[PDB]
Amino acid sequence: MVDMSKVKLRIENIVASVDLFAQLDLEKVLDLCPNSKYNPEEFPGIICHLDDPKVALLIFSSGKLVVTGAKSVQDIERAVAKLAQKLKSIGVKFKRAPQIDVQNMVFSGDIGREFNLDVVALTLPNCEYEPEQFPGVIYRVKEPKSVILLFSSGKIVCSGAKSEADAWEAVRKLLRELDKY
């Protein structure tokens, strides 16, 4: 079987879409978020930056939000709870509890050894490498749908997976190819 005994992954960012189940009046939500930016012309939502869970929140009039910058699910839960309470403080009432869905997870990691990307680019099927533009090999994992950036140092960046087990599977699939040589 494929040797993952040296693989190490670290969560760097978690992106979640959330549904508060309430119509939001963005002009009134601005007072709730200190420093918030809102230009409805260029982008429909408020760009809010929280300090405690240090995360960015994109707030929409449909009561939907996107939370990014989260290092954990707990980061997201707490951001939603703080905003939800602030909203309540301004009159908002919600039809039900917040629906939280992780949409994207970015991991950084190490696969165990170094690589001569020139060789990898010529042996690993379905990968991209353009050192004139970027120093890593771009590898698209079909299932589970995700991308892994592989560097000469053996460090990697996995994006797109929506769970930890998926990212581990994506790395397992890449290591299956790399280990044939």
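When you see a residue number, it is the position in the sequence shown, counting from 1.
152-160 versus 119-127 - which carries the larger mean C-alpha B factor in the record: Here the higher of the two C-alpha B-factor means belongs to 119-127.
Of 75-83 and 91-99, the one with larger mean CA B-factor: Per the deposited B-factors, the answer is 91-99.
Deposited CA B-factor, highest of 145, 49, 64, 37: Largest recorded C-alpha B-factor: 37.
Chain third (lowest, middle, highest) by recorded CA B-factor, residue given as residue 56: According to the entry, residue 56 has a C-alpha B-factor in the chain's middle third.
Position of residue 137 among the chain's modelled residues by C-alpha B-factor, lowest, middle or highest third: Lowest third, going by the recorded CA B-factors of the chain.
Relative C-alpha B-factor of residue 12, binned into the chain's lowest, middle or highest third: Its C-alpha B-factor, which the entry lists for residue 12, ranks in the lowest third among residues of this chain.
Among modelled residues of the same chain, the CA temperature factor third for residue 4: Tercile = lowest for this residue's CA B-factor.
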